[PDB]
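# an experimental structure, sequence included, is below.
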Amino acid sequence: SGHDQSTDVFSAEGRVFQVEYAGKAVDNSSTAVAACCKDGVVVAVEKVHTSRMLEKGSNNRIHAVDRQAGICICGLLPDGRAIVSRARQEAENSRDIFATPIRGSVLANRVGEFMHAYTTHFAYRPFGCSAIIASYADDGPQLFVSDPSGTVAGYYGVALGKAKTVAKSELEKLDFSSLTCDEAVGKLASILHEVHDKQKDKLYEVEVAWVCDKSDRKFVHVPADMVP
Amino acid sequence: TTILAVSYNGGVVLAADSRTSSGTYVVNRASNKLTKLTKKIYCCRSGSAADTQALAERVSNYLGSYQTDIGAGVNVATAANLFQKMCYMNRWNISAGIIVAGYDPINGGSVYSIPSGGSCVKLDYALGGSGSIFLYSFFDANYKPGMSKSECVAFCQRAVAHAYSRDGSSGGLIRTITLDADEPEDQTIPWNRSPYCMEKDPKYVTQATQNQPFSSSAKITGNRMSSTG
């Protein structure tokens, strides 16, 4: 019973149940999908709306961390926003202190270090979100995923959330050497429309963002015309 | 203030900027720091305009009396020595960097720096004023003695221009005067025809990349010069 109450405690098997349980919060969350191309990177996230009466752009899961970089949050949105707020703090320390856009690989490691910190101490809990860091700084288009554990990994393509498995099947059909950001916006949104449960989650939209040559290596929401 | 005097064969060229400044405002834009003592002995006046004008008028008056009573031309050495005595006597009361320079038929062209202490050094060329400090390296590098009268004037003007380009306290017109066996040739180069200024030097056209648009790259491009870009 006491093996899993806090994240400061390994189990006998050698694992940190509170971090696994935080992971479960992401796997029960709305599906997010992303693709790293030559042209840049694209993030599409399904937002499950609880109500018919929300404004367009309510509970935005995708947030600019810097000009060149954006975090899409799959999981508990509020927790996600604490990571966004930190990723921002790190992005602005890179420009304030080192006069450089933070590199994607760096920004990701910094996001993972932060998320991991919360897995080590009895007083805190793990974050309930996987951050998807999309960046196009001097290290090129980079797509990373920090999970609740703090584990960062680079991806060509990546699916998170309750349709993770099926959305990944569809991401494997894409050739990543070939595809452009303009195709990806189409295919990633198409994937999220396909994998979505129509009977369970009636009200939803697909928030897409990118950072590509097209967008001036600036991390922005894609216009509503490309999205379908 | 930038004053200099170089020797050529026959005689000397005095050269000077034209700016008196009350610190950071230009009180006079067209001062004449080349001050006649005799027909062919001028001084260049640096420091307190009051103090150098007062000395230059005192020494000019002594030299005129002297010249009348000996019934012959005054030697530059004489002018320098008088100016030294006065600049020394009052060294605590006045701020006065003088260059006495001129022609006399005995010694030809002569230059004397009388700096703030009341030293009197006989030299091939002398620098004076706030702007002098810019020229020492300019002369070391570019000055070649045994110049023509014309080359010395061109050089002296190029010098004064190089000083007043960097010295805030110097600027305006470049006044020269050649003193030799012939009738003195004053000339006044206006700033819009100066032989050098930083504003016109192609070296300093491209602006420092200080401003720099907010970018997704560490690549320095240029200054941001439009809000749209």
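Good, I have the coordinates. Residues are numbered from 1 along each chain as shown, chains lettered A, B, ... in the order given.
# quick check: residues of chain B near chain A?
For chain B, the residues in contact with chain A (C-beta under 8 Å from any C-beta of the partner chain) are B:214, B:215, B:216, B:217, B:218, B:219. For the C-beta atoms, the positions are set from N, CA and C on the backbone; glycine is no exception.
# write the ChimeraX selection for whichever of those residues are buried.
Restricted to buried positions by 16 or more other C-beta atoms under 10 Å in any protein chain shown, the ChimeraX selection for the residues of chain B next to chain A reads:
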select /B:215,216
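# longest single helix anywhere in the chain?
Answering for chain A, as no chain was given. The helix of greatest length in chain A, counted in residues with DSSP state H as the criterion, is given as helix A:77-97.
# oops, chain B please
Under DSSP H, chain B gives helix B:49-70 as its longest helix.
# and the very next helix or strand once past that helix, what does it pack against?
Counting by DSSP states H and E, the next helix or strand C-terminal to helix B:49-70 is helix B:76-89. Here helix B:76-89 is seen to pack against strand B:34-38, strand B:41-47, helix B:49-70, strand B:96-104, strand B:108-114 when contacts are counted using 3 or more C-beta pairs under 8 Å, 6 or more residues apart in numbering or on different chains; DSSP states H and E.
# which of the ones you listed sits most buried?
Per-stretch averages of neighbours, counted by mean count of other C-beta atoms under 10 Å in any protein chain shown, single out strand B:96-104 among these, with a mean of 29.
# and that strand, which strands flank it?
Next to strand B:96-104 in the sheet, as set by DSSP bridges, lie strand B:41-47 (antiparallel), strand B:108-114 (antiparallel).
# could you say what helices and strands whichever helix or strand comes after the last one packs with?
Past strand B:108-114, further along toward the C-terminus, the next helix or strand under DSSP H and E is strand B:121-123. Using 3+ C-beta pairs under 8 Å, 6+ apart, the elements in contact with strand B:121-123 are strand B:108-114.
# how close does the residue positioned nearest the centre of chain A sit to residue B:14?
Note on chain A: the residue nearest the mean C-alpha position is residue A:132, at 2.3 Å, using C-alpha atoms, centre = their mean. Residue A:132 sits 77 Å away from residue B:14, taking C-beta to C-beta, to the nearest Å as the criterion.
# contacting residues for residue A:38?
Residue A:38 is in contact with A:141, A:177, A:180, counting by C-beta atoms under 8 Å, 6 or more residues apart in numbering or on different chains.
# pull up the gap between it and residue A:220, please.
Residue A:38 sits at a distance of 19 Å from residue A:220 (criterion: C-beta to C-beta).
# wasn't residue B:156 part of a strand?
No. With DSSP: H, G, I helix; E, B strand; the rest coil as the criterion, residue B:156 is located in helix rather than a strand.
# rewinding a little: ok, residues contacting the longest helix of chain B?
Residues from elsewhere that reach helix B:49-70 (C-beta under 8 Å, 6+ apart): B:20, B:31, B:33, B:35-38, B:41, B:43, B:45-46, B:73-74, B:78-79, B:82-83, B:86-87, B:90, B:94-96, B:98.
# what does stretch A:208-218 give?
The set of residues external to stretch A:208-218 that reach it, using C-beta under 8 Å, 6+ apart, is A:37, A:39-44, A:62, A:67-70, A:72, A:134-137, A:141, A:181-182, A:184-185, A:188-189, A:219-222, A:226-227, B:215-217.
# just the strands in chain A please.
Per DSSP state E, chain A has strands spanning A:32-36, A:40-48, A:62-64, A:69-75, A:129-137, A:140-146, A:152-154, A:157-160, A:204-212, A:220-221. These are given in chain order.
# who's in contact with the closest residue to chain A within chain B?
Ranked by C-beta to the nearest C-beta, the top residue of chain B for proximity to chain A is residue B:216, at 3.5 Å. Listed by C-beta under 8 Å, 6+ apart, the contact set of residue B:216 reads A:66, A:67, A:68, A:101, A:136, A:137, A:211, A:216, A:217, A:218.
# assign it to helix, strand or coil.
Reducing the assignment to helix, strand or coil with three-state DSSP, the entry for residue B:216 is coil.
# around chain B, which positions in chain A sit nearby?
Counting by C-beta under 8 Å from any C-beta, the residues of chain A that sit close to chain B are A:66-68, A:99-101, A:136-138, A:211, A:216-218.
# most neighbours out of the residues you listed, which is it?
Taking other C-beta atoms under 10 Å in any protein chain shown as the neighbour criterion, residue A:211 ranks highest of the residues of chain A next to chain B with 32 neighbours.
# so how far is residue B:165 from that one?
47 Å.
# just residue A:48 next, same as before
Between residue A:48 and residue B:165 the computed distance is 70 Å (C-beta to C-beta).
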